[PDB]
Amino acid sequence: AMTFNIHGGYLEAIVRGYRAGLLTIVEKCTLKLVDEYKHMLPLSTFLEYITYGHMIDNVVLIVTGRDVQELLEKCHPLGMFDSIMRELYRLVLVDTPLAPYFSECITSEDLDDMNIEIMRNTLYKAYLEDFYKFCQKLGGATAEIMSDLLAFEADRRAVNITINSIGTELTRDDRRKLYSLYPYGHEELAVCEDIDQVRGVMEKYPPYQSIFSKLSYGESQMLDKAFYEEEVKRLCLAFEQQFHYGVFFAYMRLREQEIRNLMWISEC
Amino acid sequence: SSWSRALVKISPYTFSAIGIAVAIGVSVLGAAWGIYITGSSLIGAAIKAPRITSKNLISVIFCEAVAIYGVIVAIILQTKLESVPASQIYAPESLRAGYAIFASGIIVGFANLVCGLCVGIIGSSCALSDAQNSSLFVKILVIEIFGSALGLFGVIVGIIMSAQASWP
Amino acid sequence: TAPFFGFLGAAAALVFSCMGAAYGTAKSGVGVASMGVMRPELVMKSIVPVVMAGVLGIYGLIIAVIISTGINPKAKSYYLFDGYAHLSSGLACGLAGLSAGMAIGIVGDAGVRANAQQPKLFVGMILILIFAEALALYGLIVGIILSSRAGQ
Amino acid sequence: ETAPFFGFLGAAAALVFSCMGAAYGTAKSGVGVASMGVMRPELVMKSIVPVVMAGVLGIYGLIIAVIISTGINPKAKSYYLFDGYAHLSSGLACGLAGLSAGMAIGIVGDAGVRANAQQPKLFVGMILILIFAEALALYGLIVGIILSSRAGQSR
Amino acid sequence: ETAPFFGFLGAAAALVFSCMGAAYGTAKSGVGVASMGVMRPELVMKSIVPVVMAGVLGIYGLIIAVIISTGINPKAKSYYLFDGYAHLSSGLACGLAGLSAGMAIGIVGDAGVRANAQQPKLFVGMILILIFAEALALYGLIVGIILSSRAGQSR
Amino acid sequence: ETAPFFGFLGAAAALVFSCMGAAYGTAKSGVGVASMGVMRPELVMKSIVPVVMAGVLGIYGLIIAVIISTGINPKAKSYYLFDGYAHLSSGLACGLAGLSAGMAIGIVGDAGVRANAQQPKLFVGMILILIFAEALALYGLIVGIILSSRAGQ
Amino acid sequence: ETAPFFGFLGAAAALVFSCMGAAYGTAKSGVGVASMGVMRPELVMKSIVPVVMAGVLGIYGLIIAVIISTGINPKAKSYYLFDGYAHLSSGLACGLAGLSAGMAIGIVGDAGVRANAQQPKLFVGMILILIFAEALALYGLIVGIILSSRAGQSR
Amino acid sequence: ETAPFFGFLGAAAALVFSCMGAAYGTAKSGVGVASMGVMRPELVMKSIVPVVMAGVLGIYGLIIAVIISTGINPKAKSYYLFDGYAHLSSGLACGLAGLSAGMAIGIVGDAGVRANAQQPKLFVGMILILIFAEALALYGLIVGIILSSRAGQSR
Amino acid sequence: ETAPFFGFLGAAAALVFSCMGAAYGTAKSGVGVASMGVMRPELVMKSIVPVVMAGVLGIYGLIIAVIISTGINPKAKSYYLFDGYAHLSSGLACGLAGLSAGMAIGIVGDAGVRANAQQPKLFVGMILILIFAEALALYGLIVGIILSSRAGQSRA
Amino acid sequence: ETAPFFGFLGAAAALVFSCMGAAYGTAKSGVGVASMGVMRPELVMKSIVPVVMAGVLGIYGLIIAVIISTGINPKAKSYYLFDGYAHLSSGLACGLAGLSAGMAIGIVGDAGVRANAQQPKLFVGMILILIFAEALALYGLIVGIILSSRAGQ
Amino acid sequence: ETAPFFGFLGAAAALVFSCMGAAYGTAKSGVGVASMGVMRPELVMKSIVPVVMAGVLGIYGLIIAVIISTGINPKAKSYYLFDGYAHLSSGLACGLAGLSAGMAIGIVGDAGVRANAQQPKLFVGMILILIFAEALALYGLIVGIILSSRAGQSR
């Protein structure tokens, strides 16, 4: 860990201070975090991967098609990267590693990215490409945490598939492929076709297990809410705040979690 | 055969000068690396308050103490040099004195550099913690004092090794 | 001199072992910073191991001072076998000391993490640190055997 | 002389290599042991044992050097240097055996103790697996010093 | 005089490389078994076999090393310089063959643990694969012993 | 003189290198075979063959080393430089060829495990590739054998 | 004198380098063939052509090395360092040329196999490319022949 | 004297380095040509030029090596260090020039393969750059001719 | 008497290093031009310039090599010991200068070819940069000539 | 004898090392200053401490080299291999110490530039840190001067 | 005897290192100038200065090399060891200093070219920084010239 002392100490210290500082309103908090990241602009690659995921979200918003520019402006500039329809997806593919996989999944551009079910697959492919970009950090403990989070997201996607997207006619092989090393292989949760049967298998996944617990809200939900408790746990993983490593992405995740908590509080 | 017999012969005065100088140089390099680490830490946390700057100043004081120890070692080695006549610079006793001086310099400078690097890393972490928690300052000073004590122990080792030379 | 260089290296190897254990001390202090960020009592508890590690290096310095006191070569003439034996034994002791210092640094980081958390197996962490310190002490003691193993 | 020099070099190489491998294994296993202990204090007591075992194996490897110090006897009659080179070889073999087996034991024990958080019986299994190679490490380290002491006859 | 020192060094290399191969095998097997026990603790016993094979290879290497170390007395056996170098060669070759066999056995053992997580028929096949891999260590030990005997034949 | 020392060392290097290459190839083929057996037990049986094919190289290297060791004898001839040098060079060539062939065989074995998982004619092509690799190994062994047979001095 | 050392070393190096290059080319060709067979088993049959070319180049290098080695007859000609140096140079050049040609031909063959799986005329294109690559092996063989002749030119 | 060790080494090195460089360049060009042929057969037909450049470089290296070898006339020319030194210098220059030209030709071939799909005019223009690189290689070979002719002073 | 070996080695090395540097620069410039292709087909004239600079560097290297080879005349003024080492020094200087110039020219030419597609008004600046780069190779050739000049005096 | 060669080599190594260390520190500090000056050009003008430290390091290196060169007076002293070896080693150590100090100071100033861009308090703090680094460099220079003085004896 | 030959070799290495450093700096400045010209043609004209500075450093190195060459004079003194030693030391020091300064100035200019495009005000300070960087190399050149002036080593 002497490399941190040799170089990069100041940036790591600034990132750690920004992380420890943070424990409508959500949009304002995300914009403040984006401004802090821009002022700041190893751990930098992890923060870039987190921003790449947050920009995959905004690109999937923009790849489709309604005041889309206004919607992108309302989002954080970290999520709505300034650099950034088939042409829209192709342009988003540049400067964003996550977008081209979303374009590949969405063969019909906006049509194959419908917010009902198709946009879920497009965003899943975008998240897979963002996870590949994170893996391009040559591994690490933070890379291990990112892999665990990606596995949780894949398990949530497979659970939501078997729960509701069967009516959306997403193929079981395709849905498993849509639901994404650890995220890549989730045959245990895809073995059970029944929604009730597949929910238990998805909860049996180590990211989902021991975190969801009763899971009155979470695993029962569709989209990517099955690992909601695991997301809070991964936020608590950053609460360790072990130094001499890359935790800028952890800092961004903690700031986003704080913004989400502030939004959930809303009035009072 | 012939090369094996040749390898034995060496010039003791060159080794004595190397022991006099390279140890101080390496100690200076280690202190510089520690000071750079401390400065990076201070730059990281300069936003809040200069208490972390005071801690980094304590670390720099430890580095300066290491530098003073190196200077004292160099002065001693200047004094500790044996008679070693220009003509009489081939005796086995002169070689033994040179080997002892080189060993003293190696033990001094390497330990000083290691202590300086340790002090720099500890001071960086301490400055980060002090920026985090205002209360935690005496604990940081404890680690700084530990690094300074390591440097002082190296200096004392050099002082003990000062009386080593046996050259004619 | 070849025998003088051999004995000097025999001592400087344990000296370098102490210098390497100083790196484990630095790692322990780095972890102690984060540990004491949570609480000042944990700060003192983690800082104490750093002081102990520094005391280990001070003891190594004292051993080097004793070696310098005994460094006089007129009393004992060392041949090729004696110099080689001294150098080899010293190098083995130094390698053992450096390995013990690295293990002590790792254990100190783990104990700092534990102290940042609740006490829990603080006794077990202290036991692991004591095991590392015992390995270091065993190396230091084995050094004395080779130091005294000289002459005809 | 040459024979005592080589014999002592090999004897010290025994201790150095065995200690290095044992300490690498100790750190590897101790990472997982600390992980399991932080996970639960109940598994902490069980997972603590492999670290102590690795430390004891390293201590035994280091102590083997003290015994091998009498393996080569410069004060005794100097035989051909090839006997001392044979002692050197025996010591080097002991050191490499200890290093390799200790490193393997610790590498296995890393994942064994780390996974012991889920199942406490995994701690017992990991202890057994680690011992299976730690015993081989200590045995090789001791056997090398024994051979170094024994082969000094030189007819 | 050049013979016995060289041959002893070859025995040292034999022990060193056999230990390194057994180390790779044991480390990989333990790493795989740690994950295997989490899935099925009952299946952990079956996966222990590659560890036993690696230990057997290491024991064979140590035995060959002790055998080569035997006979160092110049009067005991005739040892011309090329003969002692041939004994060194026997030791080094057997050790290196055992090292490579051990590394391959470790990789195969990790694969077998993965297959044990899969259908047990794949594990049964991987057991035979591991046995076939381990046969290489015995072949290398036999070759080393034969060459050491040919080295013993000297004038 | 001391050349037969170098010749015995070269024979040992031949054995060690052939064994190393063969065992690396066998490990790669075993990983591929484990993957195939996880995929399909039908592919498991065929995927065993490359491991044995690789181990054949190690067996041949051991046989060559034994032959070379039998070649060295003081009763057969007095110590000389040329014979020992030739034996050492032949052993080195044989061992290097065996190691290279084993590495290629392991790579081809992994590729052929994947191909057999794909299609049976792909498995036949993989068998042909393994046959070509074995032919290369045999050519190297024959060259080494001829060089050893050139032991006149 | 020492000329047989150099000659035998060159003969060994030729075979070693040729085998390494053939191994690289064969590995690349096998990867390409597996990819083509997965894509289309029928097209896989023609894909073996680059592998055959690489094997032919390797055999030609091996044959040249064997021919060069067979020329060395100590009873035929008295001790002259010129013949040994020429043989060593021929072996080194032939081996290096064969290795480079094999590696390049393997890479080009894998690319051409992928392209042939894409389009049919790409097969003819890759065949032409491999024919172009064979020039390196041809030049190596010519250089080896020239050096073998210079070996006899010694006086 | 020491001339064979120098001259033979230079003759081998020239061919080896030239073949290695030409092989790397031809491999890069073949990969690019396969990509172009997948894109369009016309680009595949056009992309033959880098292969021609690589073959020309290899032929030039072989010619230089042949000239150097023919320069070796020990019966006619007394053994001088200068005579072998001239051949060694010529071989080193030829080999280095061949390797550099091969690397540059591979880069240019990949670039032109991209350009052919991009635009036929771009490929036509890049032909000029490839010709310039070939001319630089020819200049190096020509300097090699002067180096070979320098051997005339020795006899 | 053994100096001519060093002299021939230096003479070969000068040309070898110059050719290597020129080849690297030419490859870089060609890749850059091909990238600039299609988008700016009219920029063929601009893309020609770096190839010209690389050719000039190669020609300078060949000239230095020819001069060095001409310097080596053992028939008159026996090479003694200074001649071979002087030739080696001159050859090494020429080759190193050529390699440095080739690398710099390749990098600058890649940058210029990239700048060629958009805003071609900087063609004059690109040519100026290329000339400033080739000035280094010219200085190296001059230094090599100056070194070769002193060769004759050492004979006495 | 060969003592002047050793002394000249030592002085040259000292000068080269000092120049390289000063260049590295200056490059790092200048890159940091240029990066920081993008936001507010007003703060950039104040950022002259990197130039000051670079000039100080260069001047110290040049002075040390000049002092070492002056010590080489063959007419004054016939010199000895011992004296030349001592002087060369002393000069080389001084140059290496200066290079290390300059590199560390430049590394610190790299972040100090951004710190100054943040606020003036961080600016004066980085100024103090650079002052401490320059004091260490001056201590190394004084050590080199004392060593050169010893060479006279 | 041959010591002044080593001195001349060091003198040539001086110019070699100076040219390498100047080329690196010029390449960095050229990349920056290309970026600036892409931004705005007006900034490109003002950005030529660092390239001229690198060229001036290279010319200074060449001048130092020419001075060193003038220093070598057979009629000055007979074969002497110190003449080669001092010249080689001066050349090596000057070349190393020039290369380091050139690399640093190249990095600084690469940063400054991008910086000036956004804001023209900082260009003034960038000019001063580059001037200081070049002045360091000038001081190093003067130091090297001092050693060259130190020629009368004997009598």
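Residue numbering for chain C follows Swiss-Prot, covering 9-160 in order.
Method reported for this entry: electron microscopy, 4.2 Å.
In case you wondered, yes, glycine gets a Cβ from its N, Cα and C as well.
According to Swiss-Prot, the features are:
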SITE      C:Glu141  site 'Essential for proton translocation'
TOPO_DOM  C:33-54  topological domain 'Cytoplasmic'
TOPO_DOM  C:76-94  topological domain 'Lumenal'
TOPO_DOM  C:117-128  topological domain 'Cytoplasmic'
TRANSMEM  C:12-32  transmembrane segment
TRANSMEM  C:55-75  transmembrane segment
TRANSMEM  C:95-116  transmembrane segment
TRANSMEM  C:129-154  transmembrane segment
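Look at the topological domain 'Cytoplasmic' (C:33-54): DSSP puts its residues at 21 helix, 0 strand, 1 coil. Same-chain residues lying 6+ beyond the ends of the topological domain 'Cytoplasmic' (C:33-54) with a Cβ under 8 Å from its Cβ atoms: 61-62, 64-65, 109, 112-114, 116-117, 119-121, 123-124, 130. Beyond the ends of the topological domain 'Cytoplasmic' (C:117-128), by six or more residues, the same chain brings 35-36, 38-40, 42-43, 45-46, 50, 53-54, 57, 134, 136-137 to within a C-beta distance below 8 angstroms of the stretch. Residues 9-19, 154-155, 157-159 of the same chain lie 6 or more positions beyond the ends of the topological domain 'Lumenal' (C:76-94) yet place their CB under 8 Å from a CB of it. Taken through DSSP, the topological domain 'Cytoplasmic' (C:117-128) splits into 8 helix, 0 strand, 4 coil. DSSP assigns C:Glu141 (site 'Essential for proton translocation') to a helix. For the topological domain 'Lumenal' (C:76-94), the DSSP counts in helix, strand and coil order read 9 helix, 0 strand, 10 coil.
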